[PDB]
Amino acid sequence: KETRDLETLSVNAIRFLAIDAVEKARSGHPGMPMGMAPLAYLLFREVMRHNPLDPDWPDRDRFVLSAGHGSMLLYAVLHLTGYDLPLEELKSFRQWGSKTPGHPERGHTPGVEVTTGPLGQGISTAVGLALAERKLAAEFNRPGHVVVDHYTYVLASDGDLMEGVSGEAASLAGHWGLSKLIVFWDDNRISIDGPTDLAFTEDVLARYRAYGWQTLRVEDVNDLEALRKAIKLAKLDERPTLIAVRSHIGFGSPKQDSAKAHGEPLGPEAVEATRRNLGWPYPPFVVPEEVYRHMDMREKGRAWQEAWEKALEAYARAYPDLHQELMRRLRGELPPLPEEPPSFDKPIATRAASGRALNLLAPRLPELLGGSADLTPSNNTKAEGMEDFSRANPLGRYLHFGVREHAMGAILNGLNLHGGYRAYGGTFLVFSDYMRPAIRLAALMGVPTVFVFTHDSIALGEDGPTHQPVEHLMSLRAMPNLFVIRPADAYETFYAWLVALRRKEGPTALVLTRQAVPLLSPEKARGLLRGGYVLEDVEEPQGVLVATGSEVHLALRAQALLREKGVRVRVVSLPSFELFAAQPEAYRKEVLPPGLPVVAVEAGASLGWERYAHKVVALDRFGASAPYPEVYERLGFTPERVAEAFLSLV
């Protein structure tokens, strides 16, 4: 009972830090932290190997709070176990510049593994964390040298399990046999609209059995013994595990078992009452020294990390090439990259050119993982050399995501968050729409996921409007911290991949054609590193045709038609708005000199082009089911129309 009272005292410390931080914020989510405090205690005190002195210890267990809104459950337990998150920060919950924002932000807060809040993201991203551990183990572990051994734990809510992304990621996690992925579902029967049976009465655990997961239940979150056994059962199981954990939202309070406990402060009366009923004499933010001493993990984590650093030293003597590769990949250091593009002798789609860049890049990047959402032949994403990942071939660097763009987004982000890997995945640009939240989350975390988007335009032909992008380019360019690179040709494509791989600040979208487009010169194309450049200049420019991707070739043809009539325009290739806007003002004015009229050409939405052009040849309607180039021409992409657009400015 001194063990039980210290457990109870410690669990309540978690409960009241959350209650009071929400109370003093007058904003946040107290209900779920109150019910799940016992699971937070058990993971951070007993189950997880982690180190509060070094959150980036590569061999730590990873905890993902997919149920983001319960941020204070995570802040309380980080604080209590000795992570560098002072009490003053928990008193600054949801305040400007605090390390305790409303939802967990990876990079903002020590020990936060994934930016959560958008439901389905945490639990889906966690599939990549665990795929990354499995594969890295397969690559590096040897007899008597186990340098990769950690689990991926997740706390998810009713919301997480309703989002279709979580089901897609569960299908793949089970298909892949990720034995070391352990998800806790807070089964507390309450959602924002009230009781879950308003909207959610499926047999959740039967669904997860069908995906090939183990399911377990724990009838009371407060029964630590029942949590301990379930966890041991999950680790013995070769399958990913879903542990349904029954809890009371607002546990211990007069808002217990109510949706009123979910998303607003308890109120002074209800905080007081919770204190009565849980036997908590301590005032706001005060926790006794007993609990600090019991919860301190600074020493157990020094011991754990030190034990791992020492196994690395034995690894480094027994296998020094393997050791230098792991250390290089864990630090995210790229090896030297080719300076010379592949050799192209004829017209080729930028998809096929992208395939050729990957044939050159993959054999020198064992970290580079690739895949597609069931478009491998159409996307050119399986490099020469790569084999399929499966349970039977855990060394395969090529991922068959199936028709699951969103969870592919989430799993790429997780593969890229883990350490050891750089991951890219493919689909048609139109189907970026199915993964938007995973794209935004990568830009928010600053995770450099590479999203490959082929079939960039109406030029794709007969598949027609449901497949032909229009708004997509401008919709992705408006997103903060996403480079959007639309190479004009096979050569630009090679430089686009160098830009993507070297860019670590956030994601890159590479935008590629289905149809064949001519070659530029490799020396001219290199200009892509500046995001925009003068491709074909002239004596005393009367104007500029500015263009992206396939439309640069339209522009060059319009340059000729105009030159024949004594009008002289230069052609600028703007493969990336973002990399161009990062250039010195002096370089941007050399390229697009003020006072010169400019026409933009791009087979997408006009909205945005006025930033650079006076007139745009663009597409502000949906496409059509017809062959290329007919579809392209009849929808107004001819060199005659670009020419006429330029003549209307002079």
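So that there is no doubt, residue numbering starts at 1 and follows the sequence shown.
- For the pair 159 to 167 and 253 to 261, the mean B factor over Cα atoms is greater in 253 to 261.
- A summary of the deposited B-factors shows that, of 119 to 127 and 82 to 90, the stretch with the larger mean C-alpha value is 82 to 90.
- Taking the PDB entry at face value, the top CA B factor among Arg293, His467, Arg502, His472 belongs to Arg293.
- Looking only at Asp489, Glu405, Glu578, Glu340, the residue with the top Cα B factor in the deposited structure is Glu340.
- Compared with the other modelled residues of the chain, the Cα B-factor recorded for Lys235 ranks in the highest third.
- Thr381 sits in the middle third of its chain by CA B factor, as recorded in the PDB entry.
- In the PDB entry, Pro518 places in the lowest third of its chain by CA B-factor.
- Among the modelled residues of the chain, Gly301 sits in the highest third by CA temperature factor in this PDB entry.
- In this PDB entry, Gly527 carries a Cα temperature factor that places it within the middle third of its chain's modelled residues.
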